[PDB]
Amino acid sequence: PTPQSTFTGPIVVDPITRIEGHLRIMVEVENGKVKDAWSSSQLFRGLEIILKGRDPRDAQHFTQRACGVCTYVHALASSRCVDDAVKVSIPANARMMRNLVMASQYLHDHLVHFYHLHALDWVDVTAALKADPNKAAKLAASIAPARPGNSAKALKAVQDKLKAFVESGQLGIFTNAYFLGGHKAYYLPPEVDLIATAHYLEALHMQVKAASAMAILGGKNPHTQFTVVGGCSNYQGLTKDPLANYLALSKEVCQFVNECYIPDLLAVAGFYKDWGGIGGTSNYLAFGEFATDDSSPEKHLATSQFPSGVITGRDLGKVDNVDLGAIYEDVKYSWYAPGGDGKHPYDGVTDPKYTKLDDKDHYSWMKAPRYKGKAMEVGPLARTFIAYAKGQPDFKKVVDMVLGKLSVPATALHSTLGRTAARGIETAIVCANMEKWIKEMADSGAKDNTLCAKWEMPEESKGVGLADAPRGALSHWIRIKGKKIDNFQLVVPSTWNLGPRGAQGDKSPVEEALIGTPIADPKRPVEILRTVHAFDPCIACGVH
């Protein structure tokens, strides 16, 4: 069964590595299972304060620097936000180009997260040294598509490289790893460790290509520079050779998704099937992404191909529409001044006030976003459940493939394993849509290259920009007064997932998911990392 100590006491993990940003996790453990949790974000920058009084056209450039991991997404949400505030409807080519860049972001973001951020929670790299490479080649044939990268020779070269590295005594990023000397929570056969380690290294190269693809349309990566109020600036991105290169590069990236990412995810998921009973939450939210109609926030919600919705209490039979008026943020357990509870983002307040480390009354730089009083999990799992509930055919098919491979019910996805699985599921689906989406823009841009619409700065207005970023439901909210930024508020997916308690004292999604986490070894609490990493935390995003 699942290894579990008899440990009773506190565990603090700070820093949480292999995330973006600065997170401290505090838990109380009783008899080897987590009984209470706190998600404590440790950096404030204050972009919303910085934005006040500025030109609304500048917003996207400041807010993109909320995060370099989910690069682009904030420039996009800010652009959608200001487009809405000035009431301009972007041209078709701009919708298409903006959406493809998001699709590119998903591919790069999710590949890097699985291999370079999450995998080391499940894969013992040093155990790969014990594998026989011929036995590993055989096993690779039985869990994944045939590929030369999975040959005995290829897997030996990886093993030899790893061996020479370990024997040098400079373990670099593997220094003091939780798997060193073995660990009861690490289940994989050495051969699977070897296989995944080869892909880890391959993935370091593949992500370069995924970023290059994105940069053809985005101008550069990280931090794209192609969006403007009224659409996009990149006329070159509608032309033939750049689109052929973008398709060619996207197809390499997707071949790697299908040959390596999904099969490694499924292999890991098969060995860690017990993680289907750990780390579940109840409520899910998505604003949707990949809309056919982005003329307004309402059209986005209604036409997103990855649909929007609200699920509550795991009830897959009742996907509610998103009520943007029902979103608010609490500050009661956060490092902000008193009086700031229950604020809709149009009326958001960001008034920093620190107390002290591990003050249970005020313990995070994140606000606590709530929806009609409820915490909401956002991200790939939220999107996957909403699409599945709604019978979106790509999700129904891929989810069913996953449930069939694992021989598990759909309820098993309400867990850390499901959260991890959902991230791959939607990456496979983005991949299967790339060519159709690329052809739509190629053909459209051939016929007419309109990319940016005319618009006028209002004296006073407000607007909202919605996106489902790789980590989930993202919204930027502006008030314009005297043609300047009067208020600008970001509510970001990691704020939804990893923020603290709201005004009712109610745990956020990560805090709730942490309850019942078993700890095989309190010295080396990988189980905390597993669940926290599955939410794909971005603390610079969460706090801004």
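One rule holds for the numbers: they count along the sequence shown, beginning at 1. Heads up, when I say rigid core I mean the largest set of C-alphas that superpose within 1.5 Å between the two forms.
Visitor: Between 74 to 82 and 138 to 146, which has the larger RMS C-alpha deviation from this form in 5 other deposited structures of this protein after core superposition?
Guide: Higher average C-alpha offset in 5 other deposited structures of this protein goes to 138 to 146.
Visitor: Select between 115 to 123 and 264 to 272 the stretch whose C-alpha atoms have the higher average B-factor in the entry.
Guide: If you average the C-alpha B-factors of 115 to 123 and of 264 to 272, the larger mean comes out for 264 to 272.
Visitor: Can you tell me which stretch has the higher mean Cα B-factor, 387 to 395 or 296 to 304?
Guide: Comparing averages over the C-alpha atoms only gives 387 to 395.
Visitor: So among 104, 79, 411, 176, who wins on Cα B-factor in the entry?
Guide: Answer, based on the entry's C-alpha B-factors: 411.
Visitor: If I read the C-alpha B-factors straight from the PDB entry, which of 161, 367, 344, 370 is highest?
Guide: Going by the entry's C-alpha B-factors, 161 comes out highest.
Visitor: What third of the chain does residue 51 rank in for C-alpha temperature factor, lowest, middle or highest?
Guide: Lowest third.
Visitor: Give the position of residue 493 by CA B-factor within its chain, expressed as the lowest, middle or highest third.
Guide: Lowest third of the chain for residue 493's C-alpha B-factor.
Visitor: Looking at the C-alpha B-factor of residue 317, is it in the lowest, middle or highest third of its chain?
Guide: As the PDB entry reports it, the C-alpha B-factor of residue 317 lands in the highest third of its chain.
Visitor: Compared with the other modelled residues in the chain, in which third is the CA B-factor of residue 45?
Guide: Its C-alpha B-factor, which the entry lists for residue 45, ranks in the lowest third among residues of this chain.
Visitor: Ranked by Cα temperature factor within the chain, is residue 435 in the lowest third, the middle third or the highest third?
Guide: As the PDB entry reports it, the C-alpha B-factor of residue 435 lands in the highest third of its chain.
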